[PDB]
Number of protein chains: 2
Amino acid sequence: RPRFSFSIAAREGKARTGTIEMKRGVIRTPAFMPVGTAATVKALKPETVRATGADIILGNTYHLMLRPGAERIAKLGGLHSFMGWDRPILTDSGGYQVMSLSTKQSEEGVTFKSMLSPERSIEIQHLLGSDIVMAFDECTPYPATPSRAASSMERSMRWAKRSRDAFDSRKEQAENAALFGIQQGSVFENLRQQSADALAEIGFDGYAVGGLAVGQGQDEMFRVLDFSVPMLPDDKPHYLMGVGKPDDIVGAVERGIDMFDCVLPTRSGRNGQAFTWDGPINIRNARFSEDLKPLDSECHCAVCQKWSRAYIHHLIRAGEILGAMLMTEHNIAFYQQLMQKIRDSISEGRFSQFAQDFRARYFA
Amino acid sequence: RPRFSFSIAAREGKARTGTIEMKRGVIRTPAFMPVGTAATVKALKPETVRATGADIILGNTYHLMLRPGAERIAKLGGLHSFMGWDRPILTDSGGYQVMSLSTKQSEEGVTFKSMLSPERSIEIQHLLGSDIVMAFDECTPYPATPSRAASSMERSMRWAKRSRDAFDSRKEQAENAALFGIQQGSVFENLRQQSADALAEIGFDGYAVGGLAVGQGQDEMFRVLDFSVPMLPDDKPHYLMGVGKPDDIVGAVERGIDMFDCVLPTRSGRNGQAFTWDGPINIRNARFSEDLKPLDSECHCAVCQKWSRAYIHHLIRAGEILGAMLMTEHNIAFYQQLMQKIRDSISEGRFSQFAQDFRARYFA
Ligand SMILES: NCc1c[nH]c2nc(N)[nH]c(=O)c12
Ligand SMILES: NCc1c[nH]c2nc(N)[nH]c(=O)c12
Ligand SMILES: [Zn+2]
Ligand SMILES: [Zn+2]
């Protein structure tokens, strides 16, 4: 199988749909990656994650390097075997969570309490047996001074080269996995340009848009995507990290994004929030106490085929694990169905109408 | 289909194996009933409960009557449709949990804060659409004075008649469900005899042994079963409520018990305890951190087919829901496999050897 082969099947405006072929499977783009925090997509067996339509999941370097530990997972056969997901896994580099969850920053890297460097990040992702390795970056806090944004980005660009070289010098990794670079630059077009320039110069299999969804509202996120995604190599996937709500996803695909990860469907699922085509609902609301309809009237997921709002309402209010299970399965299924609808509509050259139709109904 | 038809296929000593045919399915005996507290077997989809081999599950009158409420569940189509379990459900009467979880006792019944009477218990079980209805009883605290034990039992026997009559006067219920009487009498052979006498006189589809596992160690529980189960009608099922550990189950079947319910496999599963043929293990123990073997080397369950001790160790220590899910599925599967082994061995007239072999290995 191919290491990493991205093919664009169809375009509409800035939107693209296609496939990333990897050794462990095909990723249909635009893709949503369920996040699997500590070697589990919370409340779901991998077979259920797969059943919802996920082609790839996200693993966290930061969390796994602490618990159970990267050497330990490698000893146990790698993350795929450990958690029983045999399809592609993208691992974040730790760059974001080390600052958000732990800290002393330096040129060599970051030292913390719960040294993570580009090299060590790559190595850990190696030990995990990640299929898509993220370069180790610094997710510039928002907002930030232009000079601040610029030296922050420039360090990440230096760390991107280091990541590239560390990755390349590990033959197994280089032959079997992919490496993505992460664009930073905050909300600054010139810094974003600079960063894309550096990344493209170094060369990556894919390019993420880092440092968004970190304080910027949707309007501002979209404005930054409007100029930032065109700076990335067209012929490589574009990954918007940590985004987002269904409408964030639709608008980002309209701006050229091919890949997404977000904790929202899993986390808000556990918290009672179900996504529906008519917008989110909070299943704990007393209005659902005797509602026999499924979470979503159109959803094809197993939850919606079998259980009512009323039942899931009861479960979540009772703090029952099955409630978290069913809410999560539905929300991830919903997200996957959204992605499918997105892919099909771009394929068919009716994505613009879809986005419009989606938005009308979702916000109504 | 039959309302309630119990057939004994094979005997060995006091042990029996056979089948209870009901409208919603066949129950193979000796049977273990997973407990489904608030309309869910914790951490398991009903399809998974079924996959483990459960033929019937237990529902709680007390919990459901408070949340979401019996009228409400009936309005929503009954407990089976609500929770998506279409096979038999045995509902406890509330007699035990009203005292243990809530209280003022009287002849008419019990009034509490979180009036439950025999009639109201039956009615609620009716609204739930229970297949096996338990008479409303009083689970005599242990230990207790003989006079105390005796008036407690005598009230339950009066409540048993009331339960019988309430059940019978509801034609739908009488035609489609079964009613079990509950023997009390504490640890007193004469009171147990009295109680069996009263129950048999009233007449039930099945007879439970109530008031055990409530302070009595195994030796004492077994001593009480030694004289109490022979007092029950042979031709009806014998249900030991709230029991128990695998070895409790084996010894109780050796004493004539046909049915069991216990929260142990689910609750201790969530708590890190896995049952294995070599005894329970606490998967949180550091010794399992790199153990690639399944929870149990012989277990046929899906968990043991796919995930290692090491992984489940990690999940449970991380407080991950999937950990609770996999631990529970395995433990319920284990219990079901135990019951199957019990049934097969009685069928084959090698149950005595099995019990011996089971015990040797389990306690070793
Ligand atoms: N939303 C921004 C973001 C999410 N995850 C991230 N991971 C990394 N390494 N860098 C980033 O900027 C981000
Ligand atoms: N272990 C005793 C027991 C468990 N569940 C019970 N439910 C009822 N109604 N009565 C009882 O005595 C018991
Ligand atoms: Zn659904
Ligand atoms: Zn197992």
Side-chain angles (χ1 to χ4, degrees), chain A residues 33 35 52 58 61-62 90-100 116 118 121 125 133-142 152-153 156 159-160 163 180-186 195 208-216 221 224 239-244 248 260-263 265 269 274-277 293-297 299-307 309 312 326-337, chain B residues 52 265 269 274-277 293-297 299-309 312 326-337:
Chain A
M33 309 183 269
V35 177
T52 66
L58 182 148
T61 289
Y62 176 81
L90 184 147
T91 42
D92 207 347
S93 49
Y96 183 86
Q97 288 159 115
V98 74
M99 297 311 313
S100 78
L116 198 34
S121 182
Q125 291 184 80
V133 176
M134 301 299 300
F136 186 77
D137 66 327
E138 179 176 307
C139 173
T140 310
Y142 173 79
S152 174
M153 174 270 295
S156 295
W159 286 359
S163 291
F180 281 23
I182 303 172
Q183 183 203 50
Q184 306 286 354
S186 196
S195 176
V209 182
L212 260 356
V214 75
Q216 314 93 344
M221 179 183 70
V224 176
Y239 165 31
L240 182 57
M241 303 187 90
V243 174
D248 295 325
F260 296 91
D261 76 277
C262 198
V263 296
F275 294 99
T276 77
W277 295 111
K293 303 184 296 295
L295 293 171
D296 182 281
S297 79
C299 181
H300 294 116
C301 86
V303 177
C304 286
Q305 299 341 87
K306 323 195 182 24
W307 289 283
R309 284 160 169 201
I312 300 167
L326 301 180
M327 286 288 298
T328 297
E329 174 171 2
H330 159 75
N331 282 345
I332 295 292
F334 178 87
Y335 264 61
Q336 294 301 332
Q337 283 166 85
Chain B
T52 66
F275 294 99
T276 77
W277 295 111
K293 303 184 296 295
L295 293 171
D296 182 281
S297 79
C299 181
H300 294 116
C301 86
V303 177
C304 286
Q305 299 341 87
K306 323 195 182 24
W307 289 283
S308 67
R309 284 160 169 201
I312 300 167
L326 301 180
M327 286 288 298
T328 297
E329 174 171 2
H330 159 75
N331 282 345
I332 295 292
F334 178 87
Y335 264 61
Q336 294 301 332
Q337 283 166 85

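Counting convention: from 1, in listed order, for ligands and their atoms alike. In what follows, every heavy atom counts, from backbone to side chain, and hydrogens, waters and symmetry copies are set aside. Letters go in sequence order (proteins before strands), and every chain restarts at 1.
Atom-to-atom distance recorded for B:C301:SG and B:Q337:CD is 6.5 Å, nearest 0.5 angstrom.
The shortest distance between side-chain heavy atoms of B:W307 and B:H330 does not fall below 4.5 Å. At a threshold of 4.5 Å between non-hydrogen side-chain atoms, the residues A:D261 and A:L90 do not count as touching. Residues A:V209 and A:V243 fail the side-chain proximity criterion, which asks for heavy atoms closer than 4.5 Å.
The nearest N/O/S atom of B:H330 to the Zn ion (ligand 4) is ND1.
No donor-acceptor contact under 3.5 angstrom links the side chains of A:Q184 and A:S156, judged on distance only. Defined by atom type and a distance below 3.5 Å, a donor-acceptor pair is missing between the side-chain atoms of B:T52 and B:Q336.
The Zn ion (ligand 3) lies under 2.8 Å from an N, O or S atom belonging to A:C304. At a cut-off of 2.8 Å, B:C299 is counted among the residues with an N, O or S atom near the Zn ion (ligand 4).
Under the 30°/60° scheme for interplanar angles, the aromatic rings of A:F275 and A:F334 are found to lie parallel.
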What does the N/O contact table under 3.5 Å look like for ligand 1?
{"unit_1": "ligand 1", "atom_1": "1 (N)", "unit_2": "A:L212", "atom_2": "O", "d": "2.5"}
{"unit_1": "ligand 1", "atom_1": "1 (N)", "unit_2": "A:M241", "atom_2": "O", "d": "3.1"}
{"unit_1": "ligand 1", "atom_1": "7 (N)", "unit_2": "A:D92", "atom_2": "OD1", "d": "3.3"}
{"unit_1": "ligand 1", "atom_1": "7 (N)", "unit_2": "A:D92", "atom_2": "OD2", "d": "2.6"}
{"unit_1": "ligand 1", "atom_1": "9 (N)", "unit_2": "A:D92", "atom_2": "OD1", "d": "2.8"}
{"unit_1": "ligand 1", "atom_1": "9 (N)", "unit_2": "A:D137", "atom_2": "OD1", "d": "2.7"}
{"unit_1": "ligand 1", "atom_1": "9 (N)", "unit_2": "A:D137", "atom_2": "OD2", "d": "3.4"}
{"unit_1": "ligand 1", "atom_1": "10 (N)", "unit_2": "A:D137", "atom_2": "OD2", "d": "2.6"}
{"unit_1": "ligand 1", "atom_1": "12 (O)", "unit_2": "A:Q184", "atom_2": "NE2", "d": "3.1"}
{"unit_1": "ligand 1", "atom_1": "12 (O)", "unit_2": "A:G211", "atom_2": "N", "d": "2.9"}

